[PDB]
There are 4 protein chains.
Amino acid sequence: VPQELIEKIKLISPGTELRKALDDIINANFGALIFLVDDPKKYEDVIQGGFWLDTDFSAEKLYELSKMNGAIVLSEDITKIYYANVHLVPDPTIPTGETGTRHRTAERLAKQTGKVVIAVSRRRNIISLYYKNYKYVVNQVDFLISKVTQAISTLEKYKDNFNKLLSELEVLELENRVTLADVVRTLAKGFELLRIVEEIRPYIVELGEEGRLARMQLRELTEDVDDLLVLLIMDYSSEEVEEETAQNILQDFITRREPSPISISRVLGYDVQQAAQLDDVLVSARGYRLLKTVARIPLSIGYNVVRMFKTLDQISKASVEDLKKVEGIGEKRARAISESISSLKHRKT
Amino acid sequence: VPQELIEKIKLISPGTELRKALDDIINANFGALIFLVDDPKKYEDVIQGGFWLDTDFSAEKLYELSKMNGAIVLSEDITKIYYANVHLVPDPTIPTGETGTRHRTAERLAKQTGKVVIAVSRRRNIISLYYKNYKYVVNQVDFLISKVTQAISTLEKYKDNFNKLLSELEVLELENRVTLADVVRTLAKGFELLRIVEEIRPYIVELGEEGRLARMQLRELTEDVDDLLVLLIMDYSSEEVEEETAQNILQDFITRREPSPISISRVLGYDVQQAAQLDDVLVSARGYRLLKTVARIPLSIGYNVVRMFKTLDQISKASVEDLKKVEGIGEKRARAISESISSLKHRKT
Amino acid sequence: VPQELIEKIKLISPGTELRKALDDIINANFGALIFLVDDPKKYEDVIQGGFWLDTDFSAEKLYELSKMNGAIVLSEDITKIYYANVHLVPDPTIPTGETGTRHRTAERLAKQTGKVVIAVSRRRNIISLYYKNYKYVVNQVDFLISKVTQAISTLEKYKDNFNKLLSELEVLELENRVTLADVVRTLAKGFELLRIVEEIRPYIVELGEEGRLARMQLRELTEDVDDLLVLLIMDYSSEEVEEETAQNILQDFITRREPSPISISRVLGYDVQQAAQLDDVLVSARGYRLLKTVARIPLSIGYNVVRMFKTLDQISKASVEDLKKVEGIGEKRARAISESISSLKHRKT
Amino acid sequence: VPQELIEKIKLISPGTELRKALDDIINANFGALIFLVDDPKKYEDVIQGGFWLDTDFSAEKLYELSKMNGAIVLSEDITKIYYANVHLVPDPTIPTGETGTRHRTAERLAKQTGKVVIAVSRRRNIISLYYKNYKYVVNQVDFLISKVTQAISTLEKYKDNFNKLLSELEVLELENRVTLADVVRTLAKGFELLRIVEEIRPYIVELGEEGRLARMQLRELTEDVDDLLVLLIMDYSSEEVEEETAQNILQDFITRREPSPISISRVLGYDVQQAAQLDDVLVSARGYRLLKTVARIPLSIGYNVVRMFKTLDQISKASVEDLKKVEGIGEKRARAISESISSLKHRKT
């Protein structure tokens with residue numbers, strides 16, 4: 001979905017005076033056919049009849065005008081009403097797959113001029129936006145709230161399962177009993193969860209000002225999940241991996257690749273092709289997750305800690321003095337590392 | 001609900017171009033009477049008047065045609081519009097319990113020809129589908145989302161109670177203090193939960209493409225519940241039971257039998273007839289649940305482990321070497337069994 | 001709300017053929033005026049004109065008839081349609097506070113005859129039922145689902161807070177550090193929760209068949225809460241209290257009395273009048289809750305256990321042999337008591 | 001939003017007979033123009049024509065009258081209907097930004113007289129209230145329930161994250177390993193949560209009687225959160241702070257200031273300007289939170305306890321006799337302090 005078109009969709013998103021007018025028009029079963037231009041003179045050959053207005057835009061004015069037959073011409077910045085009650089005459093030879101004169105005119109006119117045209121028919125409650133060779137149908141808020149509320153409820157269930165997987169993983173991590181199956185299962189659930197977020201994003205955007213609570217909910221449910229998955233990938237990949245690399249593996253499984261167990265464990269660098277194999281592959285966390293998240297050790301410095309001790313298990317055996325040899329670890333960070341791991345072992349295992 | 005009819009319901013489920021047309025028609029309070037055939041010539045005696053069209057189907061075309069009186073005839077694959085504005089004349093002597101000419105014609109015509117007929121009346125918002133001697137009323141999405149959203153909320157409450165029962169059961173299992181009441185109570189709640197899933201399934205299907213988020217939610221809430229109940233049955237039945245057997249006992253209590261406490265404990269092989277007796281019956285888990293789920297030991301091999309040690313309590317006493325005598329247990333699986341049980345005992349009991 | 005009237009409300013609750021007819025009638029903005037009798041002859045002086053039908057009831061027939069002016073007369077069991085299009089002429093001198101002829105007739109006629117009369121006006125979507133001197137307005141399902149869904153969401157929040165209070169209470173109970181404030185706070189939240197249930201009950205009933213999922217949700221959220229509160233009262237009242245007594249104290253605080261902290265602790269037998277005092281009053285559980293709920297000891301027998309040891313703290317000190325002296329405690333129940341308390345102390349404190 | 005105007009909004013809030021009338025009027029697409037006065041004679045120059053009624057108010061009467069053209073005049077206490085079908089003639093020179101005669105009259109008339117005027121137009125479903133130079137649009141309940149239900153769902157997600165932050169904080173507090181980042185992160189989430197409450201409050205008020213369940217939900221979700229945040233501020237501010245002071249810092253971050261991490265930690269008295277610094281600042285709780293909340297020690301007395309021991313860590317080392325030296329601590333409060341801390345250390349760390 002081009003960014004060019006997304007800028008146009010903003011024009012009619014909940015919160016704008018234009019959208020407010022269009023909601024009133026839909027509510028009254030008036031139709032609408034609206035043409036957005038910056039220089040009316042340049043387009044005087046596709047504009048016939050009607051009334052020259054040249055007056056400041058308002059929602060109420062647009063509403064009143066739409067009671068009349070034909071079309072309305074506004075400035076692109078939606079600050080002026082230029083014409084009302086006009087006949088729009090785009091080139092009839094331009095292909096269109098729309099139905100009815102109103103929507104066939106709209107799509108032809110947008111194709112012909114490279115401008116936005118908005119059509120509302122009298123009996124439906126959708127707003128059809130046309131820009132160049134684009135068509136975007138904009139939905140009512142109540143339809144969008146419904147899908148988004150469902151998506152959020154779905155995200156809650158994925159997130160709860162993710163937390164359960166993770167808390168079990170933690171236990172296994174601290175006891176050094178993790179298998180590849182355990183990692184992959186946890187990553188998959190994380191990947192799927194953020195996929196759902198990506199898929200609902202267009203709905204969220206369409207909601208405009210009415211999507212504010214929805215965005216807050218997404219943010220709260222997904223807050224640290226991306227960082228968490230990146231750290232897991234750095235901790236459990238077959239060979240050592242830089243952060244931005246792990247970030248890309250996340251990007252890949254969120255958007256382009258399917259998060260099947262074999263696919264994940266393969267891209268983590270393991271050579272398995274049967275799902276049952278994962279249970280037999282023993283893995284040991286590098287320790288990045290615990291270092292950044294719990295001991296609050298910056299990644300740049302955690303590299304050196306992993307450089308020296310290789311795995312979490314060995315880090316958990318190091319004394320404060322042992323840790324202090326690392327490039328970046330003073331007594332502050334050394335006790336942070338030492339005490340936070342041991343605290344965790346005590347309470348969790 | 002025959003699979004034959006379910007295939008027909010798909011034709012008008014959310015997501016299809018046909019359903020899209022019918023939603024528009026309902027929205028406009030046009031009526032509709034639609035007859036699905038593959039060879040119009042064969043049915044020319046029940047088709048009178050109207051217009052021969054023989055043109056490609058589209059939703060917009062169907063919508064336009066439905067503005068006219070009478071009926072429309074489409075191909076069974078919904079790829080052609082054959083006739084519009086026709087008079088349908090099924091045998092008047094065919095019994096029908098429908099009301100009004102439109103729906104009496106629809107049901108007679110479907111009975112007579114063995115084909116699908118769809119009726120929409122002008123003032124109601126339901127789609128009535130008729131196939132042979134079948135009638136299926138298809139609901140609007142908003143009605144279906146409402147029931148399904150409620151069903152899901154109900155499932156959440158059952159699932160939370162199930163998790164509480166289970167976590168208590170776990171504690172009892174690990175301390176070897178389980179009574180039959182504890183098992184039965186946990187199975188019952190599990191059985192009821194999956195019953196609710198079975199009952200809402202027809203709603204989910206009716207939702208078609210609009211049921212996608214709903215299916216994801218069901219999947220997340222019920223993910224491992226069936227396996228879990230099967231393992232419980234294998235662990236607590238009076239005498240040893242094969243997996244597929246336990247699977248059938250699950251099937252029975254989900255569909256045909258009522259999950260009353262006495263009924264469950266009876267079919268598990270216990271001879272009680274008063275609910276108060278269950279508290280006095282001491283049981284000891286075989287260990288299948290812990291072996292498959294936590295130690296990741298495949299069922300086929302767990303059989304041998306249960307063969308040798310009989311109960312979880314005895315398995316928890318076995319040393320690695322002890323376990324290693326089993327057909328299938330190498331040092332890997334032996335430490336898996338040993339360490340995962342002891343880890344659990346430590347953290348939970 | 002008299003049970004007499006509740007039986008009448010059932011006649012028009014979701015799920016009945018009559019309610020189905022009335023929904024169609026409301027949906028079509030026909031009005032309705034319906035008179036329920038068992039012997040039409042006896043009431044021939046209030047019935048004028050119209051058509052004598054004397055035919056079997058169906059929803060579709062009622063719907064069709066309601067297209068005509070005037071009133072319809074059905075049998076009380078809603079199995080016969082007796083009259084349509086009649087003029088109802090109750091005594092004009094009978095007081096009524098209704099508006100419009102339709103509803104003034106309905107209430108006068110019900111008062112005069114002691115029968116049910118149903119009025120639906122054309123522009124509103126409510127069903128007004130009149131029985132004797134009673135009027136009950138029946139709501140649409142969508143209005144009721146909305147309030148009930150909210151009530152349930154509210155119950156979830158009360159229940160979560162109740163579980164938190166209880167789990168803290170447990171800890172305090174097991175360490176013998178409970179204060180009156182802790183008990184009262186927990187009872188209050190429990191009392192309020194079940195009040196909400198009582199208040200939403202009329203909505204649930206009005207929903208009829210459409211209230212099925214709602215009832216399941218209530219049941220899951222409140223399952224053991226009443227028993228739990230009764231046991232708390234038996235454990236913490238100033239002097240010993242029989243079960244049915246504690247049951248009544250529950251009944252009182254659910255229905256007639258306000259669950260303020262002073263009020264609760266006063267009726268539990270404590271002489272405080274300032275809320276700040278509760279923090280200074282030390283209490284020790286009798287042990288009924290733990291005995292019935294965790295050790296599965298029947299109340300009748302728990303009495304003897306409390307008879308002998310007085311408090312949970314002392315019960316937790318008793319050896320198996322010690323416990324075995326009680327009337328009803330064999331080695332089975334003695335280890336149940338002993339082991340379940342100690343297990344709990346280990347895991348929780 | 002002036003309290004003066006809020007009193008007027010109450011007049012038309014769900015639950016009032018007036019609001020009930022207006023809902024019926026909106027439902028029937030009648031319009032309404034209603035003028036609230038206490039002495040009709042004083043305003044006889046803006047009231048022309050119509051019918052002098054001088055009769056008791058009821059919703060049904062208002063509904064009936066509104067079927068006529070023009071305006072209705074009620075007493076300010078909404079106990080009398082004075083006029084119906086009148087022509088309202090406010091000074092035409094009074095500025096107004098409203099559209100259509102009905103709403104331009106309403107706003108001019110309210111400005112001119114200092115009284116309330118209510119306008120309902122025929123095609124929209126909003127109630128416009130005008131008081132002096134104020135305009136307040138009152139929404140339908142279904143619109144308000146939607147936003148409020150969303151707000152509550154959002155609050156649930158904030159509250160869960162708050163509980164997670166807090167439980168981690170607790171662990172850190174008890175082990176004396178807290179950093180400023182940990183405090184600030186927890187305060188921020190708390191501040192944001194209560195902001196959401198403040199923002200939804202106007203919606204809650206607009207709901208009137210229909211906001212009852214919504215208020216209960218807010219109360220349950222936010223019950224002790226303010227006290228909790230105040231105690232955190234007293235425990236972690238750079239230098240000692242009185243309760244009412246901490247209360248104001250809460251007030252500030254809820255209403256006027258943005259709860260950014262640097263902003264919070266700055267006003268707590270720490271001199272940081274880079275967010276990454278917070279991880280390196282070690283802090284030790286004074287102990288107010290644990291003293292008031294868990295040991296049930298009144299703040300007034302906790303002051304003396306903090307006076308003597310300075311920090312929670314030192315309080316946790318004190319023996320009963322040690323504690324008893326404090327002004328206000330007898331053996332009761334001394335064991336309360338001692339035992340509740342040690343209990344917590346055992347179970348949590």
# chains A, B, ... in the order shown; residues from 1 in each chain; ligands from 1
>>> interface_residues(of="chain C", to="chain D", cutoff="8 Å", atoms="only C-alpha atoms", output="PDB file with N, CA and C atoms, in the first residue's frame")
ATOM      1  N   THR C  99     -50.101   5.941  28.301  1.00  0.00           N
ATOM      2  CA  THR C  99     -50.279   6.985  27.307  1.00  0.00           C
ATOM      3  C   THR C  99     -50.690   6.330  26.004  1.00  0.00           C
ATOM      4  N   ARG C 123     -43.728   2.647  16.851  1.00  0.00           N
ATOM      5  CA  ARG C 123     -42.452   3.355  16.728  1.00  0.00           C
ATOM      6  C   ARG C 123     -41.405   2.978  17.777  1.00  0.00           C
ATOM      7  N   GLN C 150     -21.525  -6.207  30.272  1.00  0.00           N
ATOM      8  CA  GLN C 150     -20.892  -5.277  31.198  1.00  0.00           C
ATOM      9  C   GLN C 150     -20.861  -5.814  32.610  1.00  0.00           C
ATOM     10  N   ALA C 151     -21.961  -6.433  33.036  1.00  0.00           N
ATOM     11  CA  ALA C 151     -22.058  -6.922  34.401  1.00  0.00           C
ATOM     12  C   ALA C 151     -21.004  -8.027  34.632  1.00  0.00           C
ATOM     13  N   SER C 153     -18.163  -8.441  32.868  1.00  0.00           N
ATOM     14  CA  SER C 153     -16.856  -7.791  32.910  1.00  0.00           C
ATOM     15  C   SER C 153     -16.593  -7.210  34.282  1.00  0.00           C
ATOM     16  N   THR C 154     -17.637  -6.687  34.909  1.00  0.00           N
ATOM     17  CA  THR C 154     -17.496  -6.108  36.237  1.00  0.00           C
ATOM     18  C   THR C 154     -17.238  -7.217  37.246  1.00  0.00           C
ATOM     19  N   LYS C 157     -13.661  -8.350  37.393  1.00  0.00           N
ATOM     20  CA  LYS C 157     -12.750  -7.486  38.130  1.00  0.00           C
ATOM     21  C   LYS C 157     -12.911  -7.675  39.632  1.00  0.00           C
ATOM     22  N   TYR C 158     -14.146  -7.893  40.076  1.00  0.00           N
ATOM     23  CA  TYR C 158     -14.394  -8.177  41.476  1.00  0.00           C
ATOM     24  C   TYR C 158     -13.800  -9.525  41.849  1.00  0.00           C
ATOM     25  N   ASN C 161      -9.967  -9.339  42.209  1.00  0.00           N
ATOM     26  CA  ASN C 161      -9.606  -8.720  43.482  1.00  0.00           C
ATOM     27  C   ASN C 161      -9.884  -9.659  44.665  1.00  0.00           C
ATOM     28  N   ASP C 279      -7.644  -3.270  62.373  1.00  0.00           N
ATOM     29  CA  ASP C 279      -6.247  -3.619  62.165  1.00  0.00           C
ATOM     30  C   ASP C 279      -5.594  -4.120  63.449  1.00  0.00           C
ATOM     31  N   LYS C 348       3.429 -22.286  50.430  1.00  0.00           N
ATOM     32  CA  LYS C 348       2.863 -20.941  50.513  1.00  0.00           C
ATOM     33  C   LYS C 348       3.603 -20.036  51.487  1.00  0.00           C
ATOM     34  N   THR C 349       4.139 -20.599  52.563  1.00  0.00           N
ATOM     35  CA  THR C 349       4.770 -19.771  53.585  1.00  0.00           C
ATOM     36  C   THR C 349       6.246 -20.104  53.761  1.00  0.00           C
TER      37      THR C 349
END
>>> residues_around(residues="residue 329 in chain B", least_positions_apart="5", cutoff="12 Å", atoms="only C-alpha atoms", output="list in words")
residues 291, 295, 296, 297, 298, 300, 301, 302, 303, 304, 305, 308, 320, 321, 322, 323, 324, 334, 335, 336, 337 and 338 of chain B
>>> write_last_selection(atoms="C-alpha atoms", output="tab-separated table (two decimals), in the first residue's frame")
chain	number	residue	atom	x	y	z
B	291	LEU	CA	6.69	-38.32	30.57
B	295	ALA	CA	10.34	-35.12	29.74
B	296	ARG	CA	9.37	-35.15	26.06
B	297	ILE	CA	9.36	-38.95	26.01
B	298	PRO	CA	7.32	-40.30	23.05
B	300	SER	CA	5.50	-45.47	22.29
B	301	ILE	CA	8.52	-45.45	24.62
B	302	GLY	CA	6.63	-44.22	27.69
B	303	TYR	CA	4.67	-47.47	27.53
B	304	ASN	CA	7.91	-49.34	28.35
B	305	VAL	CA	8.64	-46.89	31.16
B	308	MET	CA	8.61	-51.24	34.25
B	320	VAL	CA	19.43	-42.44	35.80
B	321	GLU	CA	20.95	-45.94	35.59
B	322	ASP	CA	17.67	-47.49	36.81
B	323	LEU	CA	15.77	-45.71	34.02
B	324	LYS	CA	18.38	-46.67	31.45
B	334	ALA	CA	17.17	-40.87	31.28
B	335	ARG	CA	18.44	-37.54	32.53
B	336	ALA	CA	15.49	-35.85	30.84
B	337	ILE	CA	13.13	-38.00	32.90
B	338	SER	CA	15.10	-37.80	36.12
>>> select_by_dssp(residues="range 67-266 of chain D", states="strand (DSSP E or B)", output="list in words")
residues 71, 72, 73, 74, 75, 80, 81, 82, 83, 84, 85, 86, 87, 88, 116, 117, 118, 119, 120, 127, 128, 129, 130, 135, 136, 137, 138 and 179 of chain D
>>> select_by_dssp(residues="range 318-347 of chain B", states="alpha helix (DSSP H)", output="VMD selection string")
chain B and resid 320 to 324 331 to 347
>>> write_last_selection(atoms="N, CA, C and O atoms", output="PDB file, in the first residue's frame")
ATOM      1  N   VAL B 320      19.203 -42.459  37.240  1.00  0.00           N
ATOM      2  CA  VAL B 320      19.430 -42.443  35.800  1.00  0.00           C
ATOM      3  C   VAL B 320      19.712 -43.853  35.277  1.00  0.00           C
ATOM      4  O   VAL B 320      19.109 -44.291  34.289  1.00  0.00           O
ATOM      5  N   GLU B 321      20.602 -44.567  35.966  1.00  0.00           N
ATOM      6  CA  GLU B 321      20.948 -45.938  35.592  1.00  0.00           C
ATOM      7  C   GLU B 321      19.730 -46.867  35.630  1.00  0.00           C
ATOM      8  O   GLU B 321      19.507 -47.643  34.693  1.00  0.00           O
ATOM      9  N   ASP B 322      18.953 -46.781  36.710  1.00  0.00           N
ATOM     10  CA  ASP B 322      17.673 -47.488  36.814  1.00  0.00           C
ATOM     11  C   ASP B 322      16.817 -47.299  35.550  1.00  0.00           C
ATOM     12  O   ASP B 322      16.371 -48.268  34.924  1.00  0.00           O
ATOM     13  N   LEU B 323      16.599 -46.040  35.177  1.00  0.00           N
ATOM     14  CA  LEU B 323      15.770 -45.708  34.025  1.00  0.00           C
ATOM     15  C   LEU B 323      16.344 -46.268  32.735  1.00  0.00           C
ATOM     16  O   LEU B 323      15.599 -46.599  31.805  1.00  0.00           O
ATOM     17  N   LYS B 324      17.671 -46.369  32.687  1.00  0.00           N
ATOM     18  CA  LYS B 324      18.383 -46.671  31.448  1.00  0.00           C
ATOM     19  C   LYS B 324      18.130 -48.107  30.988  1.00  0.00           C
ATOM     20  O   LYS B 324      18.364 -48.446  29.823  1.00  0.00           O
ATOM     21  N   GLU B 331      21.087 -42.376  28.001  1.00  0.00           N
ATOM     22  CA  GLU B 331      21.442 -41.381  29.020  1.00  0.00           C
ATOM     23  C   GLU B 331      20.748 -40.028  28.786  1.00  0.00           C
ATOM     24  O   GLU B 331      20.433 -39.321  29.744  1.00  0.00           O
ATOM     25  N   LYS B 332      20.490 -39.686  27.520  1.00  0.00           N
ATOM     26  CA  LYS B 332      19.783 -38.451  27.173  1.00  0.00           C
ATOM     27  C   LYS B 332      18.371 -38.451  27.754  1.00  0.00           C
ATOM     28  O   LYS B 332      17.995 -37.540  28.495  1.00  0.00           O
ATOM     29  N   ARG B 333      17.600 -39.483  27.427  1.00  0.00           N
ATOM     30  CA  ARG B 333      16.211 -39.562  27.857  1.00  0.00           C
ATOM     31  C   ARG B 333      16.108 -39.869  29.340  1.00  0.00           C
ATOM     32  O   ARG B 333      15.105 -39.546  29.982  1.00  0.00           O
ATOM     33  N   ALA B 334      17.157 -40.473  29.884  1.00  0.00           N
ATOM     34  CA  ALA B 334      17.169 -40.866  31.280  1.00  0.00           C
ATOM     35  C   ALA B 334      17.373 -39.660  32.178  1.00  0.00           C
ATOM     36  O   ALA B 334      16.773 -39.558  33.249  1.00  0.00           O
ATOM     37  N   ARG B 335      18.240 -38.751  31.756  1.00  0.00           N
ATOM     38  CA  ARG B 335      18.441 -37.540  32.526  1.00  0.00           C
ATOM     39  C   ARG B 335      17.249 -36.619  32.309  1.00  0.00           C
ATOM     40  O   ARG B 335      16.819 -35.928  33.228  1.00  0.00           O
ATOM     41  N   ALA B 336      16.690 -36.634  31.102  1.00  0.00           N
ATOM     42  CA  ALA B 336      15.494 -35.846  30.839  1.00  0.00           C
ATOM     43  C   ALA B 336      14.389 -36.224  31.827  1.00  0.00           C
ATOM     44  O   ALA B 336      13.735 -35.352  32.404  1.00  0.00           O
ATOM     45  N   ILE B 337      14.196 -37.526  32.029  1.00  0.00           N
ATOM     46  CA  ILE B 337      13.128 -38.002  32.900  1.00  0.00           C
ATOM     47  C   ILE B 337      13.442 -37.643  34.335  1.00  0.00           C
ATOM     48  O   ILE B 337      12.650 -36.998  35.022  1.00  0.00           O
ATOM     49  N   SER B 338      14.619 -38.069  34.771  1.00  0.00           N
ATOM     50  CA  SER B 338      15.098 -37.805  36.116  1.00  0.00           C
ATOM     51  C   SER B 338      15.091 -36.327  36.487  1.00  0.00           C
ATOM     52  O   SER B 338      14.530 -35.940  37.511  1.00  0.00           O
ATOM     53  N   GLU B 339      15.723 -35.498  35.665  1.00  0.00           N
ATOM     54  CA  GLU B 339      15.906 -34.097  36.033  1.00  0.00           C
ATOM     55  C   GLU B 339      14.593 -33.317  35.967  1.00  0.00           C
ATOM     56  O   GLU B 339      14.335 -32.452  36.806  1.00  0.00           O
ATOM     57  N   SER B 340      13.744 -33.622  34.998  1.00  0.00           N
ATOM     58  CA  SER B 340      12.531 -32.835  34.867  1.00  0.00           C
ATOM     59  C   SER B 340      11.550 -33.122  36.017  1.00  0.00           C
ATOM     60  O   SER B 340      10.871 -32.212  36.504  1.00  0.00           O
ATOM     61  N   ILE B 341      11.475 -34.370  36.470  1.00  0.00           N
ATOM     62  CA  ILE B 341      10.622 -34.660  37.617  1.00  0.00           C
ATOM     63  C   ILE B 341      11.136 -33.942  38.859  1.00  0.00           C
ATOM     64  O   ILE B 341      10.366 -33.272  39.548  1.00  0.00           O
ATOM     65  N   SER B 342      12.435 -34.071  39.138  1.00  0.00           N
ATOM     66  CA  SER B 342      13.003 -33.515  40.373  1.00  0.00           C
ATOM     67  C   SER B 342      12.924 -31.985  40.370  1.00  0.00           C
ATOM     68  O   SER B 342      12.556 -31.376  41.376  1.00  0.00           O
ATOM     69  N   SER B 343      13.251 -31.369  39.238  1.00  0.00           N
ATOM     70  CA  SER B 343      13.027 -29.931  39.044  1.00  0.00           C
ATOM     71  C   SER B 343      11.597 -29.532  39.430  1.00  0.00           C
ATOM     72  O   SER B 343      11.382 -28.568  40.171  1.00  0.00           O
ATOM     73  N   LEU B 344      10.626 -30.287  38.925  1.00  0.00           N
ATOM     74  CA  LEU B 344       9.219 -30.006  39.199  1.00  0.00           C
ATOM     75  C   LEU B 344       8.897 -30.150  40.689  1.00  0.00           C
ATOM     76  O   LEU B 344       8.260 -29.274  41.266  1.00  0.00           O
ATOM     77  N   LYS B 345       9.340 -31.247  41.300  1.00  0.00           N
ATOM     78  CA  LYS B 345       9.137 -31.461  42.735  1.00  0.00           C
ATOM     79  C   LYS B 345       9.681 -30.299  43.539  1.00  0.00           C
ATOM     80  O   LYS B 345       9.019 -29.822  44.455  1.00  0.00           O
ATOM     81  N   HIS B 346      10.881 -29.839  43.188  1.00  0.00           N
ATOM     82  CA  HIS B 346      11.508 -28.723  43.890  1.00  0.00           C
ATOM     83  C   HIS B 346      10.650 -27.461  43.824  1.00  0.00           C
ATOM     84  O   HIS B 346      10.310 -26.885  44.857  1.00  0.00           O
ATOM     85  N   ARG B 347      10.278 -27.049  42.613  1.00  0.00           N
ATOM     86  CA  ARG B 347       9.595 -25.774  42.410  1.00  0.00           C
ATOM     87  C   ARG B 347       8.125 -25.790  42.843  1.00  0.00           C
ATOM     88  O   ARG B 347       7.575 -24.753  43.235  1.00  0.00           O
TER      89      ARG B 347
END
>>> atom_distance(atom1="CA of residue 119 in chain C", atom2="CA of residue 140 in chain D")
26.1 Å
